[PDB]
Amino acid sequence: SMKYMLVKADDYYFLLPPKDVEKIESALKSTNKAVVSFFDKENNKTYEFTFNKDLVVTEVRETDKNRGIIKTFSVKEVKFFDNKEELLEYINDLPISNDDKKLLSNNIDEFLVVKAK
């Protein structure tokens, strides 16, 4: 059993891989609030996500190298998925390019950031 997550903040979409989601699920079993840092390999950018106990994301921000804020986003939508299929169906309907749908479909494992088209 796994849980996939997709977060739309500003006009960007953020894909959260299952393994990370399970780590947050365990952390929130033991605490009330979680601040997770996510590394975007492709663009070499770092982002800090704040989750409540209900696993919605409260705030999204772009971080520097000393956990510093460069840009703040407004969370618009948070969506959860029980299997890869429902994730793929959402991706195909996402307002992204085929090159972005190709990336999200092949890399469930990594923190991925794509832009709205």
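All residue numbers refer to positions in the sequence shown, first residue = 1.
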41-49 versus 59-67: which one carries the higher mean Cα B factor per the record?
-> 59-67
Higher avg CA temperature factor (50-58 vs 23-31, as deposited) belongs to 50-58
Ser74, C-alpha B-factor rank within chain (lowest, middle or highest third) = middle
Should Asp82 be placed in the lowest, middle or highest third of its chain by the C-alpha B factor in the entry?
-> highest
Taking the values exactly as deposited, rank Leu94 by C-alpha B-factor within its chain and report the matching third: lowest, middle or highest.
-> lowest
Place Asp100 in the lowest, middle or highest third of its chain's C-alpha B-factors, as listed in the PDB entry.
-> lowest
